[PDB]
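Values in this text are rule-based calculations from the coordinates and carry no lab data. Neighbour counts run over all protein chains shown; Cβ positions are idealised from the backbone, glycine included.
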Amino acid sequence: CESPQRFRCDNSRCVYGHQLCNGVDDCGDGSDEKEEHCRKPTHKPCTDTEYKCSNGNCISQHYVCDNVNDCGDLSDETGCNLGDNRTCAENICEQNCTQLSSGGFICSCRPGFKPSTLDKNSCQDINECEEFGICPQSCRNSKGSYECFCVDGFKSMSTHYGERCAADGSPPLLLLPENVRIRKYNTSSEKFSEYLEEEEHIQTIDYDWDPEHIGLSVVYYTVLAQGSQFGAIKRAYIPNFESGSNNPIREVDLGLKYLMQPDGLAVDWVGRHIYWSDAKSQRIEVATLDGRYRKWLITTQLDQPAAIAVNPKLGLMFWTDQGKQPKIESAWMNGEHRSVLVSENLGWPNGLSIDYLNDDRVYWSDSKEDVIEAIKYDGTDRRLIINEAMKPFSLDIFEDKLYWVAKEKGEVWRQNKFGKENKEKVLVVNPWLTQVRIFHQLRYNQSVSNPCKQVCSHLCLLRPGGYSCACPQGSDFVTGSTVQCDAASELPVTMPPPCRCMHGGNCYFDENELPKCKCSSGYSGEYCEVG
Amino acid sequence: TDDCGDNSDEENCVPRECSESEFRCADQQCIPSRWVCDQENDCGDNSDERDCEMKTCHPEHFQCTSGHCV
Amino acid sequence: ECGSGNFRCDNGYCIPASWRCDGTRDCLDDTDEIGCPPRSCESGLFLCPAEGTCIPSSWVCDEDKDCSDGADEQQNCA
Ligand SMILES: *[C@@H]1O[C@H](CO)[C@@H](O[C@@H]2O[C@H](CO)[C@@H](O)[C@H](O[C@@H]3O[C@H](CO)[C@@H](O)[C@H](O)[C@@H]3O)[C@H]2NC(C)=O)[C@H](O)[C@H]1NC(C)=O
Ligand SMILES: *[C@@H]1O[C@H](CO)[C@@H](O[C@@H]2O[C@H](CO)[C@@H](O)[C@H](O)[C@H]2NC(C)=O)[C@H](O)[C@H]1NC(C)=O
Ligand SMILES: *[C@@H]1O[C@H](CO)[C@@H](O)[C@H](O)[C@H]1NC(C)=O
Ligand SMILES: *[C@H]1O[C@H](CO)[C@H](O)[C@H](O)[C@H]1NC(C)=O
Ligand SMILES: [Ca+2]
Ligand SMILES: [Ca+2]
Ligand SMILES: [Ca+2]
Ligand SMILES: [Ca+2]
Ligand SMILES: [Ca+2]
Ligand SMILES: [Ca+2]
């Protein structure tokens, strides 16, 4: 049981060759998967008669500046100016100036620097922030150094296989829509709890975080057309707290009639508008959150508009077409400057999500090519994140991990969002599963001010660095003005009061149907808050 | 329509183009233009009746406030 | 034409002067935020225009890509 060929474990049994620290205990006491001898025991000291080169290649000084590369990257030949009449004391080199045995001075760039490219004996600092997945949330550059700082609302938490930053609040829920119901799931508590039930033909989900700050977010959901009856966009409250089943959720239709297959829906929380894409109507259009002032936004060159997304910070909307000519296109929320981001090596782009906290990077899911890719919002630097994704149907990004639904398996799957590590399975649900969406506040930055000055009569759409005026379909501006439109205004729609029993108790309808809670043991108040 | 008796004609059928006075239904079928918003389900799933608050009728037809043409 | 306190956009729609340089477009031709005095910082420092923070003459012309635009080595070091 010799160390050079066998790993002598604590239990006196020895382990053959490469099995040491392979990821499975071949010893039988747990120390086979430990740091000890297998993990980085020595760090190669090299002498004045060698150069430990740019990449750690230690080579004899006789080979340095001999005009034959040993180092691989030619760093043992970098500079190589020659003549014994020359010394390092003359200081030609910017930083680590050194003296060689033959022909005078020879000089290395410092660790974290490369030779100047416009000249030798000179070096730049590497801007390491440009490397993909070098920092989890943010990067600041320094001379051969950097910091993985993370933005406000993210506490730095040292973790396994690297450091990440926490959620600074309640653990994220997943929303999981099936044809007949929407389900919740606490990612930390790992329990389902009842939500919208006795529904039919559901297809997609988005939400507005606590618009009235009364501690109740609202989720928007789509119902498909069935038989000879049209679909609907409907909306309902969802508790941010732990309550469920005890709270009768009341659905209300927005009244957006003449609707067939809204496979894509997104809610602009800044502009207070709802964007949806009807596959059968071959258009993507916009209306206010309560369903007034319907306006067709884009109606040309759309075969089958799939899932869409909006980025109010940059004033850019994104959507996917999965017809005969697959493509991913972005435009202003106004609808101007429509452009195509990616149209090559695309199968069925059916789910799209934006990483707001990381350079506003865009990810999408391809259910035909069986891959998930990421591109910058301008369309450069395309790279596949994960392959063999087993036909992802939908995706969402949260923290340092990416979520998707493996469609026909009905499984929810999870992975490092930078393409590293190995896949993880979260849970298994019906083949009726049609989305995953992380229900959390950090997921949509709530402190993004709406630039609208209330000047607009009916709609105030966003655009990069500002806003614009528009009015419903089949109407035009009053002649000479670009604000007022001739269409008669409509009053905002009143949403019925919700059920709010936080720590427990059951909702109840009185004579005028106002909600009221029967508080549980050891809690009191109108909504059973303190006890 | 199954004419041969063994559905030979309808097998691998690519839907035909519509002509100048026809509207292509949701499920890729052509019907007369005069059937669009006429208070009847003609495309099988009322897809012709879809969203006609925003179009005029034929010159000889009166338009109801609900967008239908009579 | 309109009042003295209203800045006119090229299309004829005139906005209040308070909405000049306010950080947001208001003219359909963006003219209210165009032709507006750019930000600046104290002596020996520089503002990287892409991100808008004060950086020193340590890093402007340090021969490398210190600003987020990467551009100091030609735009400052002319
Ligand atoms: C959500 O969006 C808001 C902006 O709507 C982000 O807030 C800004 O974050 C930056 C990050 O470093 C701060 O500097 C901003 O503070 C302001 O900075 C300017 C100079 O750039 C000063 O003139 C201001 O006085 C102020 O100090 C901050 N702005 C505001 C209005 O809060 C926020 O980071 C972002 N959050 C997430 C999680 O994405
Ligand atoms: C999801 O589960 C987490 C626990 O993993 C819940 O967090 C706790 O919730 C209780 C509720 O009374 C709080 O008092 C605790 O302070 C929370 N603990 C932590 C770790 O923060 C969370 O509330 C659950 N959310 C839902 C909606 O189920
Ligand atoms: C220059 O290189 C040597 C290794 O040969 C290293 O130990 C030293 O720290 C470097 N100089 C400075 C100032 O860091
Ligand atoms: C109204 O729609 C009908 C049917 O499509 C005709 O196209 C007609 O020309 C339209 N009328 C106007 C004024 O555009
Ligand atoms: Ca092992
Ligand atoms: Ca050499
Ligand atoms: Ca650096
Ligand atoms: Ca009809
Ligand atoms: Ca302005
Ligand atoms: Ca520089």
Exercise. What residue, of A:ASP48, A:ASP10, is farther than 30 Å from A:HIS62 by Cβ and either under 45 Å from the mean Cα position of the chain (by Cα) or more than 16 Å from ligand 8 (Cβ to nearest atom) (or both)?
Worked result: A:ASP10
For this session: Kindly indicate the residue of the range A:112-137 that is within 12 Å of chain C (Cβ to nearest Cβ) and among the polar types (S, T, N, Q) and also surrounded by the fewest Cβ atoms within 10 Å (Cβ to Cβ) among those meeting that condition.
Result: A:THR117
Exercise. From C:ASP32, C:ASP66, which residue is more than 11 Å from ligand 10 (Cβ to nearest atom), surrounded by 12 or more Cβ atoms within 10 Å (Cβ to Cβ) and of a type outside the set (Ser, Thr, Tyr)?
Worked result: C:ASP32
For this session: Could you please let me know if A:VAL436 is within 30 Å of A:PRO177 (Cβ to Cβ) and touching a strand residue (DSSP E or B) at 6+ places or on another chain (Cβ under 6 Å)?
Result: yes
For this session: Look at A:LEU384 and say whether it is under 22 Å from A:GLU178 (Cα atoms) and either without any contact (Cβ under 8 Å) to a residue 40 or more places away in the chain or within 13 Å of the chain's Cα centre (by Cα) (or both).
Result: no
For this session: Quick one: count up the residues across the range A:48-103 that are in a loop (DSSP other than H, G, I, E, B) and either out of contact with any strand residue (DSSP E or B) (no Cβ under 7 Å at 6 or more places or on another chain) or more than 16 Å from ligand 7 (Cβ to nearest atom) (or both).
Result: 38
Exercise. Which ones in the range A:463-496 are under 30 Å from A:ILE238 (Cβ atoms), touching a strand residue (DSSP E or B) at 6+ places or on another chain (Cβ under 9 Å) and of a type in the set (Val, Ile, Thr)?
Worked result: A:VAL493
Problem set entry | Failed item in (1) farther than 20 Å from A:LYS120 by Cβ; (2) surrounded by 14 or more Cβ atoms within 10 Å (Cβ to Cβ); (3) not aromatic (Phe, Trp, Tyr), with A:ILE59 passing the rest | (1)
Exercise. Can you find even one residue in the range C:9-19 that is touching a helix residue (DSSP H, G or I) at 6+ places or on another chain (Cβ under 8 Å) and at the interface with another protein chain (Cβ under 10 Å from one of its Cβ atoms)?
Worked result: no
Problem set entry | Candidate set from the range C:1-50 (those that are hydroxyl-bearing (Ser, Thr, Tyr) and within 16 Å of ligand 1 (Cβ to nearest atom)); member that is nearest to C:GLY70 (Cα to Cα) | C:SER40
Exercise. Where in the range A:422-480 are the strands (runs of 3 or more DSSP E), entirely inside, with at least 2 residues that are within 14 Å of chain C (Cβ to nearest Cβ), farther than 30 Å from C:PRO16 by Cα and not basic (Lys, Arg)?
Worked result: none
Problem set entry | Count of residues meeting criterion [hydroxyl-bearing (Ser, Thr, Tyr) and in contact with a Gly (Cβ under 8 Å, 6 or more places away or on another chain)] in the range C:40-61 | 1
Exercise. Restricting to the range A:226-258, what's the tally of residues that are under 30 Å from A:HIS503 (Cα atoms) and either part of a strand (DSSP E or B) or within 16 Å of ligand 7 (Cβ to nearest atom) (or both)?
Worked result: 8
For this session: State whether the residues of the range A:14-35 include one that is closer than 30 Å to A:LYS114 by Cβ and in a loop (DSSP other than H, G, I, E, B).
Result: no
